[PDB]
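Working notes, beginning with the structure itself.
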Amino acid sequence: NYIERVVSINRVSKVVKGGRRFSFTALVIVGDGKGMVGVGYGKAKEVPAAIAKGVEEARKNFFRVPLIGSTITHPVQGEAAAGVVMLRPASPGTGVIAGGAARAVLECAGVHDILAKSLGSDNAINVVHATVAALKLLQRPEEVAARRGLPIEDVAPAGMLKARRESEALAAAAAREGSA
Amino acid sequence: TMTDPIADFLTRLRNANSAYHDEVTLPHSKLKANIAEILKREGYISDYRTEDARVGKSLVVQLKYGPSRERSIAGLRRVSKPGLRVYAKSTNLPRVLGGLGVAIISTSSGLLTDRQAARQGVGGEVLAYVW
Amino acid sequence: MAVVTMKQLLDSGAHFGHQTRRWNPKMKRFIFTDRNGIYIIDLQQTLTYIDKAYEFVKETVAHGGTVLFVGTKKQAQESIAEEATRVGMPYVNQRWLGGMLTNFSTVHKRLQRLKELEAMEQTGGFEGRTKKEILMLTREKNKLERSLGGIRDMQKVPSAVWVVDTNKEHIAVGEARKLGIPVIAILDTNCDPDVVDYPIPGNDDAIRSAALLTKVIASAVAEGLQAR
Amino acid sequence: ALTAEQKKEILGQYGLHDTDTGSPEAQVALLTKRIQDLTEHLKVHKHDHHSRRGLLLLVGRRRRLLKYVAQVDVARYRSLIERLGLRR
Amino acid sequence: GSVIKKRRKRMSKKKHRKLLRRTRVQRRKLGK
RNA sequence: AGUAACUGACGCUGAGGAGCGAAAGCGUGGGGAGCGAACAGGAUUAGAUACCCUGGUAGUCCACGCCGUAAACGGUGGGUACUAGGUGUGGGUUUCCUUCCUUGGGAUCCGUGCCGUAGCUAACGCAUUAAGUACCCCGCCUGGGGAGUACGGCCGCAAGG
RNA sequence: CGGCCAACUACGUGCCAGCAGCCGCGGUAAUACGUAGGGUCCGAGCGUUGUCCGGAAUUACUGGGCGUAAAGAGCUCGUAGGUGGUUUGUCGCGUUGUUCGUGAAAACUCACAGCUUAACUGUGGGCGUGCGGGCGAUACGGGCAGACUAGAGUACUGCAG
């Protein structure tokens, strides 16, 4: 039950003694819609073979995306070969305000109301890595309190707890209203 | 020559933290002594000590690392550098890591952090971010 | 818990291993002093990790964790040959052909070809053709039994904790780490201790320290083999 | 350069006590003696371009020291200039 | 870098000095 | 480099400004063995204003001035603090054995090389002599040609900058 | 009505006629040129021009760079300027809290009301990011009067070039 987003198809061709040696590459992203995404680069001689090989590589590169409700915790800015992305949280009811390659990763993780920007290279491959690096630089409310050796409320702000606390109650009741 | 001992206090800590050093020896000063107090209370370092040396005193800062050998400081940044002084009014204060990271602000009431200035309504000159 | 007596550790010697040109440590507890140009391995830090590793394998093997056999350096091959044969396990002596645990979709069919050729040989297909093919048939059979020996019984998505020749098979330990069940080794003093969760200080050239260490773990995994 | 006795004569006569060697009085008095000797050398070795640079690195220092005396005290700055014969 | 950029600028330099040489006496006339 | 005797922040950078600045080149006066732009022939070639060969003048040299530009390159501005090491080499100091010399080893200060972590880079690669981590001050960049050209101005005997 | 970019086929000529914001479509068979048939976006409106902002983090304070892509002056000395080791005493200029006066209406906000709804109109807060007074505060920068020796500079003894 993962949504799959193909973001690029490029036909690369090595030149050999008799001509060229064309081949295809794909950059599909696989995401579960709740905060686990992975990227995958599959190269093959045919596009349906390339899209497939990218997929099996993607499913094995999953990693948790720390969410509060349906939006990331704090502003962040990661980097890749030359890509720069500016993930920043937003209030509920905003939509995924992101560009070309950043949308695919963000809409596969399941973040819903986030602001982004692409401040560097505009490649499909590099921007995908840049947003992944920015998402890996993310923290958690209970994790930071663990590092600094303090109770949670002395570290994270009151508004951050309210949003986190509310998300528990809304998710819990709808879960027990569909299971019980 | 040296133009910002507050800056080298932070860059010694950043270099030493990345290299997994366990002690950092710095020249001692009243301003640097007070900053180390805030880092200890907010829980970013373990302990600090003011000893003596050939000509003056000396600060040693016992750094803290996690039980699985992970860092306790995600980074440090100097804000108000010489040649561009950054003062924050009491109603527009900076917010590091959204609300998780913390800042050090030098105001008339003493070296206070980000949350303390909001609870007391005073403002002053920003010094640095630690998160 | 020391199986070998404390005084006989002094008679055995624990101050060997390398010179001051190829030391690459990052821990200031594993450096005692510097004399003779040879660093001093601390016995206290050796026995602490020895007991911790002894307990961890004890918990692992009682529940049913597996560790397989490997070895390539010239002062450890003949040691494990006796131990493996007594315990019945096979061993690999020459080649950890790089990319064997990740590439089980290629080396598995090699185990099929051997069993296809072995079943071909048990049938008695000898002289229907030239003998050059059968000469190379036994050459690759011996090559496969020389390079891949312990893979005969597993069929169980292996667990790997043993590491041999850390420094010179530095990419053989990576291929284990892509699916990295925790690993142990006899510490090469030029190898970074932090990467391996149980860096056991030993000697990278001495057969006495090589054989005794793998004999201790071989006995430890044996008691858990008996008490299944 | 200056012999040890040549310096010891200038040092005592200009210094503020029987021990000083780094007072601004002592250094300006020493540098002025070195400069007057060097520019006597450059009057017959016109092309000594590398030794003229050493002359320039000393006059720059002497002006640097003289500026310190004038800042810390005007009376002691005038007393040094007149006793040595400089202009600024 | 590459030498093509240098011999691209070198030709404009070489051509211009030729122009000054050819018009050396005429320039000193209209310069009065 | 050693001793810390001496003053007690006197530091750093530095718009304009000033000095120094390979080679070629200019002026006045000397000098000129070899080498030699220009210039003659000889040869190769379809053609040789060239490579090759035989000759040869300014120059190359000295004294006093001028010019002020080079791939004037580590193509890397100056100062300061921190961040694993291994091996060479050039200066100055000293403990462990002493033959009582020194490549005996040990430690520390200052240069100069090769390799190699963390980190950085588009990559090549840099990596305690950073292109790593930070602070201060200056110069410079903003698509390629037109063009570092024209016009105006400053400097220069001129070439020209 | 190609990708951007919401919307595709037949027919008439084929380097012509033409289209065209960029890549680019027309060398007698085109989703891109005229013609019809369908389709999308709007709608008393729809397109093209001219101008500005945006995307352009493409003058970057927020928010960039200089080894090889454009970018470190050929190198030093130094004027104005910028910048400032440890510490004690003091002022309150910068900095900061509160208070008073202003910051005139409309405008853009928020709330409410009235035009049959809206456009439009009215009432009350917010704003008016600042300026001039009084009352504190003294952590930082700074002015003043001091104090140290770790920076910098002298001294003495050697040393290499």
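Each chain in the structure tokens gets a letter, A, B, ..., in the order shown, and its residues are numbered from 1; ligands are numbered from 1 in order too.
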Using DSSP secondary structure from the backbone, list all alpha helix (DSSP H) positions within stretch 22-121 of chain C, as a PDB file with N, CA and C atoms, in the first residue's frame.
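Result went into part_11.pdb, see below:
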```
ATOM      1  N   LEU C  43      45.266  -5.168  29.865  1.00  0.00           N
ATOM      2  CA  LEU C  43      44.569  -6.421  30.134  1.00  0.00           C
ATOM      3  C   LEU C  43      43.173  -6.187  30.695  1.00  0.00           C
ATOM      4  N   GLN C  44      42.995  -5.138  31.501  1.00  0.00           N
ATOM      5  CA  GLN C  44      41.696  -4.880  32.111  1.00  0.00           C
ATOM      6  C   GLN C  44      40.637  -4.601  31.052  1.00  0.00           C
ATOM      7  N   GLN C  45      40.968  -3.770  30.061  1.00  0.00           N
ATOM      8  CA  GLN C  45      40.001  -3.455  29.015  1.00  0.00           C
ATOM      9  C   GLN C  45      39.801  -4.630  28.069  1.00  0.00           C
ATOM     10  N   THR C  46      40.775  -5.538  27.999  1.00  0.00           N
ATOM     11  CA  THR C  46      40.605  -6.748  27.202  1.00  0.00           C
ATOM     12  C   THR C  46      39.595  -7.691  27.848  1.00  0.00           C
ATOM     13  N   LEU C  47      39.695  -7.882  29.167  1.00  0.00           N
ATOM     14  CA  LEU C  47      38.827  -8.844  29.838  1.00  0.00           C
ATOM     15  C   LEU C  47      37.404  -8.321  29.987  1.00  0.00           C
ATOM     16  N   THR C  48      37.227  -7.003  30.087  1.00  0.00           N
ATOM     17  CA  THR C  48      35.879  -6.452  30.173  1.00  0.00           C
ATOM     18  C   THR C  48      35.087  -6.746  28.905  1.00  0.00           C
ATOM     19  N   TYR C  49      35.673  -6.463  27.740  1.00  0.00           N
ATOM     20  CA  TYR C  49      34.995  -6.756  26.481  1.00  0.00           C
ATOM     21  C   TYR C  49      34.948  -8.255  26.207  1.00  0.00           C
ATOM     22  N   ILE C  50      35.911  -9.015  26.739  1.00  0.00           N
ATOM     23  CA  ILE C  50      35.872 -10.469  26.602  1.00  0.00           C
ATOM     24  C   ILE C  50      34.652 -11.036  27.313  1.00  0.00           C
ATOM     25  N   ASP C  51      34.392 -10.578  28.539  1.00  0.00           N
ATOM     26  CA  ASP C  51      33.225 -11.059  29.269  1.00  0.00           C
ATOM     27  C   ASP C  51      31.931 -10.565  28.633  1.00  0.00           C
ATOM     28  N   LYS C  52      31.897  -9.298  28.213  1.00  0.00           N
ATOM     29  CA  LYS C  52      30.706  -8.773  27.554  1.00  0.00           C
ATOM     30  C   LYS C  52      30.408  -9.537  26.270  1.00  0.00           C
ATOM     31  N   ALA C  53      31.441  -9.813  25.469  1.00  0.00           N
ATOM     32  CA  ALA C  53      31.244 -10.612  24.264  1.00  0.00           C
ATOM     33  C   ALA C  53      30.881 -12.052  24.603  1.00  0.00           C
ATOM     34  N   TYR C  54      31.437 -12.590  25.691  1.00  0.00           N
ATOM     35  CA  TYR C  54      31.100 -13.946  26.108  1.00  0.00           C
ATOM     36  C   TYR C  54      29.635 -14.053  26.514  1.00  0.00           C
ATOM     37  N   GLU C  55      29.115 -13.046  27.218  1.00  0.00           N
ATOM     38  CA  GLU C  55      27.702 -13.063  27.583  1.00  0.00           C
ATOM     39  C   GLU C  55      26.811 -12.893  26.359  1.00  0.00           C
ATOM     40  N   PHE C  56      27.172 -11.972  25.461  1.00  0.00           N
ATOM     41  CA  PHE C  56      26.323 -11.686  24.308  1.00  0.00           C
ATOM     42  C   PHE C  56      26.187 -12.903  23.401  1.00  0.00           C
ATOM     43  N   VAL C  57      27.285 -13.626  23.170  1.00  0.00           N
ATOM     44  CA  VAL C  57      27.195 -14.856  22.392  1.00  0.00           C
ATOM     45  C   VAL C  57      26.418 -15.918  23.160  1.00  0.00           C
ATOM     46  N   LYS C  58      26.538 -15.937  24.491  1.00  0.00           N
ATOM     47  CA  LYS C  58      25.805 -16.909  25.296  1.00  0.00           C
ATOM     48  C   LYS C  58      24.301 -16.703  25.171  1.00  0.00           C
ATOM     49  N   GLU C  59      23.857 -15.445  25.201  1.00  0.00           N
ATOM     50  CA  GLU C  59      22.442 -15.157  24.996  1.00  0.00           C
ATOM     51  C   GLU C  59      22.027 -15.445  23.559  1.00  0.00           C
ATOM     52  N   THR C  60      22.898 -15.124  22.599  1.00  0.00           N
ATOM     53  CA  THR C  60      22.550 -15.279  21.190  1.00  0.00           C
ATOM     54  C   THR C  60      22.376 -16.745  20.816  1.00  0.00           C
ATOM     55  N   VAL C  61      23.357 -17.586  21.163  1.00  0.00           N
ATOM     56  CA  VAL C  61      23.345 -18.975  20.706  1.00  0.00           C
ATOM     57  C   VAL C  61      22.346 -19.844  21.452  1.00  0.00           C
ATOM     58  N   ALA C  62      22.022 -19.513  22.703  1.00  0.00           N
ATOM     59  CA  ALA C  62      21.012 -20.281  23.424  1.00  0.00           C
ATOM     60  C   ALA C  62      19.643 -20.124  22.775  1.00  0.00           C
ATOM     61  N   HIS C  63      19.308 -18.906  22.342  1.00  0.00           N
ATOM     62  CA  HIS C  63      18.038 -18.681  21.663  1.00  0.00           C
ATOM     63  C   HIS C  63      18.062 -19.214  20.234  1.00  0.00           C
ATOM     64  N   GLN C  77      44.523 -20.231   9.611  1.00  0.00           N
ATOM     65  CA  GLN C  77      43.856 -21.261   8.820  1.00  0.00           C
ATOM     66  C   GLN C  77      43.958 -22.641   9.461  1.00  0.00           C
ATOM     67  N   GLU C  78      45.171 -23.084   9.793  1.00  0.00           N
ATOM     68  CA  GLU C  78      45.322 -24.442  10.301  1.00  0.00           C
ATOM     69  C   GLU C  78      44.705 -24.602  11.685  1.00  0.00           C
ATOM     70  N   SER C  79      44.618 -23.517  12.458  1.00  0.00           N
ATOM     71  CA  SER C  79      43.972 -23.589  13.765  1.00  0.00           C
ATOM     72  C   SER C  79      42.493 -23.937  13.634  1.00  0.00           C
ATOM     73  N   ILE C  80      41.768 -23.205  12.784  1.00  0.00           N
ATOM     74  CA  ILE C  80      40.337 -23.439  12.637  1.00  0.00           C
ATOM     75  C   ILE C  80      40.047 -24.738  11.905  1.00  0.00           C
ATOM     76  N   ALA C  81      41.013 -25.267  11.150  1.00  0.00           N
ATOM     77  CA  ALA C  81      40.802 -26.532  10.451  1.00  0.00           C
ATOM     78  C   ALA C  81      40.574 -27.673  11.435  1.00  0.00           C
ATOM     79  N   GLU C  82      41.382 -27.734  12.496  1.00  0.00           N
ATOM     80  CA  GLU C  82      41.175 -28.750  13.524  1.00  0.00           C
ATOM     81  C   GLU C  82      39.870 -28.512  14.274  1.00  0.00           C
ATOM     82  N   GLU C  83      39.628 -27.264  14.682  1.00  0.00           N
ATOM     83  CA  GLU C  83      38.419 -26.944  15.433  1.00  0.00           C
ATOM     84  C   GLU C  83      37.166 -27.199  14.607  1.00  0.00           C
ATOM     85  N   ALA C  84      37.163 -26.763  13.345  1.00  0.00           N
ATOM     86  CA  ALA C  84      35.991 -26.976  12.502  1.00  0.00           C
ATOM     87  C   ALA C  84      35.745 -28.460  12.266  1.00  0.00           C
ATOM     88  N   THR C  85      36.810 -29.228  12.024  1.00  0.00           N
ATOM     89  CA  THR C  85      36.644 -30.657  11.781  1.00  0.00           C
ATOM     90  C   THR C  85      36.143 -31.392  13.019  1.00  0.00           C
ATOM     91  N   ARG C  86      36.672 -31.059  14.201  1.00  0.00           N
ATOM     92  CA  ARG C  86      36.192 -31.700  15.423  1.00  0.00           C
ATOM     93  C   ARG C  86      34.722 -31.388  15.663  1.00  0.00           C
ATOM     94  N   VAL C  87      34.331 -30.117  15.511  1.00  0.00           N
ATOM     95  CA  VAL C  87      32.925 -29.737  15.637  1.00  0.00           C
ATOM     96  C   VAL C  87      32.125 -30.068  14.390  1.00  0.00           C
ATOM     97  N   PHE C 104      23.239 -13.727  -2.839  1.00  0.00           N
ATOM     98  CA  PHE C 104      22.795 -15.104  -2.679  1.00  0.00           C
ATOM     99  C   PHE C 104      21.923 -15.560  -3.837  1.00  0.00           C
ATOM    100  N   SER C 105      21.633 -14.680  -4.790  1.00  0.00           N
ATOM    101  CA  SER C 105      20.924 -15.063  -6.003  1.00  0.00           C
ATOM    102  C   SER C 105      21.862 -15.547  -7.101  1.00  0.00           C
ATOM    103  N   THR C 106      23.161 -15.594  -6.837  1.00  0.00           N
ATOM    104  CA  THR C 106      24.140 -16.148  -7.764  1.00  0.00           C
ATOM    105  C   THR C 106      24.947 -17.286  -7.163  1.00  0.00           C
ATOM    106  N   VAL C 107      25.361 -17.168  -5.902  1.00  0.00           N
ATOM    107  CA  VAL C 107      26.127 -18.241  -5.279  1.00  0.00           C
ATOM    108  C   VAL C 107      25.243 -19.409  -4.865  1.00  0.00           C
ATOM    109  N   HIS C 108      23.930 -19.197  -4.743  1.00  0.00           N
ATOM    110  CA  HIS C 108      23.024 -20.310  -4.469  1.00  0.00           C
ATOM    111  C   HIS C 108      23.004 -21.305  -5.622  1.00  0.00           C
ATOM    112  N   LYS C 109      22.963 -20.808  -6.860  1.00  0.00           N
ATOM    113  CA  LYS C 109      22.965 -21.700  -8.012  1.00  0.00           C
ATOM    114  C   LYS C 109      24.311 -22.385  -8.205  1.00  0.00           C
ATOM    115  N   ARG C 110      25.391 -21.804  -7.678  1.00  0.00           N
ATOM    116  CA  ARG C 110      26.673 -22.501  -7.674  1.00  0.00           C
ATOM    117  C   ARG C 110      26.622 -23.719  -6.760  1.00  0.00           C
ATOM    118  N   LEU C 111      25.947 -23.594  -5.614  1.00  0.00           N
ATOM    119  CA  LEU C 111      25.709 -24.757  -4.765  1.00  0.00           C
ATOM    120  C   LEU C 111      24.821 -25.776  -5.466  1.00  0.00           C
ATOM    121  N   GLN C 112      24.001 -25.323  -6.418  1.00  0.00           N
ATOM    122  CA  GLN C 112      23.223 -26.252  -7.229  1.00  0.00           C
ATOM    123  C   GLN C 112      24.097 -26.943  -8.269  1.00  0.00           C
ATOM    124  N   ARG C 113      25.012 -26.200  -8.896  1.00  0.00           N
ATOM    125  CA  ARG C 113      25.878 -26.802  -9.905  1.00  0.00           C
ATOM    126  C   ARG C 113      26.792 -27.854  -9.293  1.00  0.00           C
ATOM    127  N   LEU C 114      27.349 -27.575  -8.114  1.00  0.00           N
ATOM    128  CA  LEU C 114      28.157 -28.578  -7.429  1.00  0.00           C
ATOM    129  C   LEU C 114      27.337 -29.828  -7.143  1.00  0.00           C
ATOM    130  N   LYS C 115      26.148 -29.655  -6.562  1.00  0.00           N
ATOM    131  CA  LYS C 115      25.300 -30.805  -6.276  1.00  0.00           C
ATOM    132  C   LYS C 115      24.754 -31.430  -7.553  1.00  0.00           C
ATOM    133  N   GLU C 116      24.678 -30.662  -8.644  1.00  0.00           N
ATOM    134  CA  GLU C 116      24.337 -31.257  -9.932  1.00  0.00           C
ATOM    135  C   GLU C 116      25.520 -32.027 -10.508  1.00  0.00           C
ATOM    136  N   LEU C 117      26.731 -31.481 -10.370  1.00  0.00           N
ATOM    137  CA  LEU C 117      27.922 -32.189 -10.827  1.00  0.00           C
ATOM    138  C   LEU C 117      28.291 -33.328  -9.884  1.00  0.00           C
ATOM    139  N   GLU C 118      28.108 -33.137  -8.573  1.00  0.00           N
ATOM    140  CA  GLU C 118      28.343 -34.233  -7.637  1.00  0.00           C
ATOM    141  C   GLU C 118      27.388 -35.389  -7.900  1.00  0.00           C
ATOM    142  N   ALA C 119      26.100 -35.090  -8.087  1.00  0.00           N
ATOM    143  CA  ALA C 119      25.150 -36.132  -8.453  1.00  0.00           C
ATOM    144  C   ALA C 119      25.433 -36.674  -9.848  1.00  0.00           C
ATOM    145  N   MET C 120      26.036 -35.858 -10.716  1.00  0.00           N
ATOM    146  CA  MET C 120      26.503 -36.370 -11.999  1.00  0.00           C
ATOM    147  C   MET C 120      27.672 -37.328 -11.808  1.00  0.00           C
ATOM    148  N   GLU C 121      28.560 -37.025 -10.858  1.00  0.00           N
ATOM    149  CA  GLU C 121      29.723 -37.870 -10.616  1.00  0.00           C
ATOM    150  C   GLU C 121      29.376 -39.141  -9.849  1.00  0.00           C
TER     151      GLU C 121
END
```
### Task
May I ask you to extract the residues of chain G within 12 Å of chain A, using only C-alpha atoms (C1' of nucleotides), and to give them as a list in words?
residues 55, 56, 57, 60, 63 and 64 of chain G
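The interface of chain A with chain F at 12 Å, considering only C-alpha atoms (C1' of nucleotides), consists of residues 80, 81, 82, 83, 121 and 126 of chain A.
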#### Entry: Within 12 Å of chain B: residues of chain C, using only C-alpha atoms, as a ChimeraX atom specification
/C:26-28,194-195,197
### Selection near residue C:24, 7 Å with only C-alpha atoms (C1' of nucleotides), sequence-local residues under 5 positions removed, as an NGL selection string
:C and (190-192)
### Task
Residues of chain G no more than 12 Å from chain D, counting only C-alpha atoms (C1' of nucleotides): send them over as a VMD selection string.
chain G and resid 76 to 78 152 to 157
Store the residues picked out above in a file with N, CA and C atoms (P, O5', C5', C4', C3', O3' and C1' of nucleotides), as a PDB file, in the first residue's frame.
```
ATOM      1  P     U G  76      53.077  41.126   0.623  1.00  0.00           P
ATOM      2  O5'   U G  76      54.327  41.935   1.174  1.00  0.00           O
ATOM      3  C5'   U G  76      54.225  42.741   2.335  1.00  0.00           C
ATOM      4  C4'   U G  76      55.287  43.807   2.348  1.00  0.00           C
ATOM      5  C3'   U G  76      54.974  45.030   3.189  1.00  0.00           C
ATOM      6  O3'   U G  76      55.309  44.840   4.549  1.00  0.00           O
ATOM      7  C1'   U G  76      55.733  45.706   1.052  1.00  0.00           C
ATOM      8  P     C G  77      54.476  45.576   5.703  1.00  0.00           P
ATOM      9  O5'   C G  77      54.873  47.110   5.547  1.00  0.00           O
ATOM     10  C5'   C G  77      56.156  47.577   5.933  1.00  0.00           C
ATOM     11  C4'   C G  77      56.264  49.076   5.803  1.00  0.00           C
ATOM     12  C3'   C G  77      55.150  49.879   6.458  1.00  0.00           C
ATOM     13  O3'   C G  77      55.389  50.111   7.833  1.00  0.00           O
ATOM     14  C1'   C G  77      55.499  50.655   4.250  1.00  0.00           C
ATOM     15  P     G G  78      54.184  50.055   8.889  1.00  0.00           P
ATOM     16  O5'   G G  78      53.293  51.329   8.542  1.00  0.00           O
ATOM     17  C5'   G G  78      53.704  52.635   8.920  1.00  0.00           C
ATOM     18  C4'   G G  78      53.094  53.693   8.035  1.00  0.00           C
ATOM     19  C3'   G G  78      51.621  53.995   8.255  1.00  0.00           C
ATOM     20  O3'   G G  78      51.397  54.891   9.328  1.00  0.00           O
ATOM     21  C1'   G G  78      52.011  53.686   5.958  1.00  0.00           C
ATOM     22  P     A G 152      52.967  38.247  19.416  1.00  0.00           P
ATOM     23  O5'   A G 152      53.266  39.803  19.338  1.00  0.00           O
ATOM     24  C5'   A G 152      52.766  40.586  18.268  1.00  0.00           C
ATOM     25  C4'   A G 152      53.036  42.050  18.492  1.00  0.00           C
ATOM     26  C3'   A G 152      54.492  42.428  18.707  1.00  0.00           C
ATOM     27  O3'   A G 152      55.217  42.571  17.500  1.00  0.00           O
ATOM     28  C1'   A G 152      53.194  43.390  20.405  1.00  0.00           C
ATOM     29  P     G G 153      56.778  42.202  17.454  1.00  0.00           P
ATOM     30  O5'   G G 153      57.476  43.365  18.288  1.00  0.00           O
ATOM     31  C5'   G G 153      57.384  44.717  17.867  1.00  0.00           C
ATOM     32  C4'   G G 153      57.929  45.667  18.904  1.00  0.00           C
ATOM     33  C3'   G G 153      59.380  45.463  19.294  1.00  0.00           C
ATOM     34  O3'   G G 153      60.266  46.067  18.372  1.00  0.00           O
ATOM     35  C1'   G G 153      58.065  45.765  21.236  1.00  0.00           C
ATOM     36  P     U G 154      61.830  45.721  18.406  1.00  0.00           P
ATOM     37  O5'   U G 154      62.358  46.452  19.715  1.00  0.00           O
ATOM     38  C5'   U G 154      63.633  46.134  20.238  1.00  0.00           C
ATOM     39  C4'   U G 154      63.849  46.727  21.603  1.00  0.00           C
ATOM     40  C3'   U G 154      65.047  46.184  22.352  1.00  0.00           C
ATOM     41  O3'   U G 154      66.267  46.770  21.943  1.00  0.00           O
ATOM     42  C1'   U G 154      63.183  46.221  23.788  1.00  0.00           C
ATOM     43  P     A G 155      67.541  45.840  21.654  1.00  0.00           P
ATOM     44  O5'   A G 155      68.001  45.360  23.100  1.00  0.00           O
ATOM     45  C5'   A G 155      68.197  46.293  24.149  1.00  0.00           C
ATOM     46  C4'   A G 155      68.311  45.618  25.492  1.00  0.00           C
ATOM     47  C3'   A G 155      69.270  44.448  25.572  1.00  0.00           C
ATOM     48  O3'   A G 155      70.619  44.859  25.670  1.00  0.00           O
ATOM     49  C1'   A G 155      67.255  43.898  26.681  1.00  0.00           C
ATOM     50  P     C G 156      71.719  44.251  24.672  1.00  0.00           P
ATOM     51  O5'   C G 156      72.265  42.979  25.447  1.00  0.00           O
ATOM     52  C5'   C G 156      72.642  43.070  26.809  1.00  0.00           C
ATOM     53  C4'   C G 156      72.697  41.705  27.441  1.00  0.00           C
ATOM     54  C3'   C G 156      73.358  40.626  26.603  1.00  0.00           C
ATOM     55  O3'   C G 156      74.770  40.657  26.672  1.00  0.00           O
ATOM     56  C1'   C G 156      71.323  39.808  27.465  1.00  0.00           C
ATOM     57  P     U G 157      75.641  40.100  25.446  1.00  0.00           P
ATOM     58  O5'   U G 157      75.358  38.536  25.455  1.00  0.00           O
ATOM     59  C5'   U G 157      75.721  37.733  26.567  1.00  0.00           C
ATOM     60  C4'   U G 157      75.454  36.279  26.289  1.00  0.00           C
ATOM     61  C3'   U G 157      75.902  35.796  24.924  1.00  0.00           C
ATOM     62  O3'   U G 157      77.286  35.505  24.887  1.00  0.00           O
ATOM     63  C1'   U G 157      73.702  35.052  25.337  1.00  0.00           C
TER      64        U G 157
END
```
### Message
Counting only C-alpha atoms (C1' of nucleotides), a student should be able to say which residues of chain B come within 10 Å of chain G; what is the right answer, written as a ChimeraX atom specification?
### Response
/B:1-5,27-31,54-57,82-83,85,87-90,105-112,120-127
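All of the residues in chain F within 10 Å of chain E are residues 75, 147, 148 and 149 of chain F, where only C-alpha atoms (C1' of nucleotides) were counted.
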Could you take the residues named above and write them with N, CA, C and O atoms (P, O5', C5', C4', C3', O3' and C1' of nucleotides), as a PDB file, in the first residue's frame?
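The new file result.pdb reads:
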```pdb
ATOM      1  P     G F  75      49.612  26.644  -9.107  1.00  0.00           P
ATOM      2  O5'   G F  75      48.920  27.950  -9.686  1.00  0.00           O
ATOM      3  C5'   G F  75      47.875  28.601  -8.975  1.00  0.00           C
ATOM      4  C4'   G F  75      47.820  30.068  -9.314  1.00  0.00           C
ATOM      5  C3'   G F  75      46.602  30.808  -8.785  1.00  0.00           C
ATOM      6  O3'   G F  75      46.942  32.167  -8.526  1.00  0.00           O
ATOM      7  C1'   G F  75      46.585  30.835 -11.150  1.00  0.00           C
ATOM      8  P     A F 147      36.579  46.419 -30.526  1.00  0.00           P
ATOM      9  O5'   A F 147      36.892  45.918 -29.050  1.00  0.00           O
ATOM     10  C5'   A F 147      38.000  45.065 -28.789  1.00  0.00           C
ATOM     11  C4'   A F 147      38.440  45.162 -27.351  1.00  0.00           C
ATOM     12  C3'   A F 147      38.226  43.910 -26.511  1.00  0.00           C
ATOM     13  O3'   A F 147      39.226  43.882 -25.499  1.00  0.00           O
ATOM     14  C1'   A F 147      37.006  45.677 -25.578  1.00  0.00           C
ATOM     15  P     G F 148      40.036  42.541 -25.166  1.00  0.00           P
ATOM     16  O5'   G F 148      40.594  42.802 -23.699  1.00  0.00           O
ATOM     17  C5'   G F 148      41.698  43.676 -23.483  1.00  0.00           C
ATOM     18  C4'   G F 148      41.260  45.112 -23.332  1.00  0.00           C
ATOM     19  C3'   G F 148      42.386  46.118 -23.085  1.00  0.00           C
ATOM     20  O3'   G F 148      42.081  47.348 -23.736  1.00  0.00           O
ATOM     21  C1'   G F 148      40.822  46.242 -21.333  1.00  0.00           C
ATOM     22  P     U F 149      43.223  48.163 -24.514  1.00  0.00           P
ATOM     23  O5'   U F 149      42.440  48.861 -25.707  1.00  0.00           O
ATOM     24  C5'   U F 149      42.232  48.184 -26.934  1.00  0.00           C
ATOM     25  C4'   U F 149      41.089  48.781 -27.713  1.00  0.00           C
ATOM     26  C3'   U F 149      40.885  50.278 -27.563  1.00  0.00           C
ATOM     27  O3'   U F 149      41.753  51.034 -28.385  1.00  0.00           O
ATOM     28  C1'   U F 149      38.810  49.175 -27.348  1.00  0.00           C
TER      29        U F 149
END
```
### Query
Which polymer residues have any atom within 12 Å of an atom of residue B:36, counting only C-alpha atoms (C1' of nucleotides), with same-chain residues fewer than 2 positions away left out, as an MDAnalysis selection string?
chainID B and resid 6 9:10 13 24 26 28:34 38:50 59:63 104 111 130
### Message
Give me, as a ChimeraX atom specification, the residues of chain B touching chain A, with the criterion being at most 6 Å (counting only C-alpha atoms).
### Response
/B:43-44,72,97-100
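Atom pair atom CA of residue D:37 / atom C1' of residue F:7: separated by 24.8 Å.
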